[PDB]
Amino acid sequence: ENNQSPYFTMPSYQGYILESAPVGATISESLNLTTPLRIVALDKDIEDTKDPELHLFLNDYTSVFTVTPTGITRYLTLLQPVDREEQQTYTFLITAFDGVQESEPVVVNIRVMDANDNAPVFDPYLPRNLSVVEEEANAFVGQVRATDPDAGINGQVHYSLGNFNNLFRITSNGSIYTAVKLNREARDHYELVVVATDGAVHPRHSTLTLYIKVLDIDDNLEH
């Protein structure tokens, strides 16, 4: 009949999932997101090689993760999209039940791996209408800043220019300077494309357009 408590074959479980993973995805056993986490529950009332027909259940995160419902070997699958930028680690217990007695609970930890799922976002408060005086190389034009909430290289931001790359320079902290002496009598305005690109292997970028006005030096004072 049913006098032996079911039990898991390992003392704990560590899982890994990429945040971009679709609902339905199986949780992996290692950080390389290859082979699955296998959760095996046995019960000595049942001859080996036979499915002990156990009920496995989680103590928390029951809207986020579920266990496959049959089999000697069970897997964990995603119920809803996860987000590393909101929560990176899940910890909960799983328990097996044979209809009469429970197993000891086992601790499961899952790490959500980062996807490069965010582009840099420009700070919307830094001015986009800028001025600079003509006839001065290395003159400060303006400041931009972008931040990227992804992890490590996926969240590191690099700046470049999308146009006028012989006229302006941008620094690694978002400061724009003239490369050369501007000349208002040649052109009094520049619509400068600034690019913020992350450090990902598969990079993402964003752009901003800056409205630069060239200020006059009275022509009587230009040498």
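Sequential numbering from 1, following the sequence displayed.
Judged by mean Cα B factor in the deposited record, 27-35 ranks above the other of 186-194 and 27-35. For the segment pair 123-131 and 81-89, the entry gives 81-89 the higher mean B-factor, averaged over Cα atoms. The PDB entry gives the largest Cα B-factor of the residues 76, 141, 153, 108 to 153. Note on 167, 161, 56, 46: the highest value goes to 46, judged by CA B factor as recorded.
In this PDB entry, residue 209 carries a Cα temperature factor that places it within the middle third of its chain's modelled residues. Residue 116 sits in the highest third of its chain by CA B factor, as recorded in the PDB entry. When the modelled residues of the chain are ordered by C-alpha B-factor, residue 70 sits in the middle third. Sort the chain's modelled residues by C-alpha temperature factor and residue 42 lands in the highest third, per the entry.
In the PDB entry, residue 171 places in the lowest third of its chain by CA B-factor.
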